[PDB]
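Undergrad: I have a structure I would like to understand better, so I am pasting it below and will then ask my questions one at a time.
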Amino acid sequence: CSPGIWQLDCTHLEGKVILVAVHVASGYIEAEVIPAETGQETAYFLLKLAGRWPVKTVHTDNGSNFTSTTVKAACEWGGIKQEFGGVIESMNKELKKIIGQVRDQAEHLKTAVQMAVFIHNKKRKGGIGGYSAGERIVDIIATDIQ
Amino acid sequence: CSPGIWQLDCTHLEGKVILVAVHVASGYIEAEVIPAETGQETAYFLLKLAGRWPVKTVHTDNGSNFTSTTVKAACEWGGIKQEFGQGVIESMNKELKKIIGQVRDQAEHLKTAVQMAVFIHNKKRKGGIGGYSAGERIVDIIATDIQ
Ligand SMILES: [Mg+2]
Ligand SMILES: [Mg+2]
């Protein structure tokens, strides 16, 4: 389901792990520095994400954390279908870029990451009244409720 | 702005702090166990929240964490207006605790149970049939406000 498909992947900065989720159909993202690239941390991130948006399918790579039994259980509980097997790469790249631009503006990396996410989701680039990723996701989900 | 107003407050369970945010106009909530009831943890939660939804005004009580300079800076950066000072946030904490109680056994840790509870609350429909869920009301409210 186009409105319920997300892609997850981990990227790294300053020796830290950043878990990233992208709503494919809109470009909206959610990211967060996790203490360790474990299935436990990944499962925790997934539950929060699923309680927020209609997460039906998550696409990830071969990563141990994503293939873990704990993430599997989280997905079954949340009714999320998994697929291990474009977009997420671009996001990690651009997220790192924005993080770079605002890095000085905050003490810890985790804060910079959230500033970057905010900037990315609020960012526009269409006409004088196009749409931001944040606006596209709610529009997509709203129109799908009817 | 009705669509941009949120209320935040902390509640407690098992000796832990649970930070809770409620989108007043829809009943949609976001909660999370934080290591400590500090301005730092509160500011972190607020940034995440603001990058997700159109947070324009946050209403909280007199709490040190909410009045802290670090939260103040977060709000200025995020362009969020603060107000210090109803029944809504109280009801949510109460019901969240209720749902947490119902699913407490399905999770290894409280923090997980909290997220299960949030998921259940936001997905819940009155009477379990038709109608709108809090999750659907918030996106509808925000969507109709974009036009
Ligand atoms: Mg990977
Ligand atoms: Mg309190």
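In chain A, numbers come from Swiss-Prot; the residues present are 1203-1287, 1296-1356, in order.
Header says: X-ray crystallography, 2.5 Å.
Cβ coordinates come from backbone N, Cα and C, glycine included.
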Undergrad: Hey, Swiss-Prot has Mg(2+) 3 bound by A:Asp1211, A:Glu1299. Any idea which of A:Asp1263, A:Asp1349 it lists too?
TA: A:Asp1263
Undergrad: If you count other C-beta atoms within 10 angstroms, which of the binding-site residues A:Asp1211, A:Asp1263, A:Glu1299 is the most crowded?
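TA: Answer returned by the neighbour count: A:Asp1211.
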Undergrad: Take A:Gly1287 and A:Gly1296, the residues on either side of 8 unmodelled positions, and give their C-alpha distance in whole angstrom.
TA: 11
Undergrad: If you run the three-state DSSP split on A:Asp1211 (Mg(2+) 3 binding site), which class comes out?
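TA: Its secondary structure by DSSP: strand.
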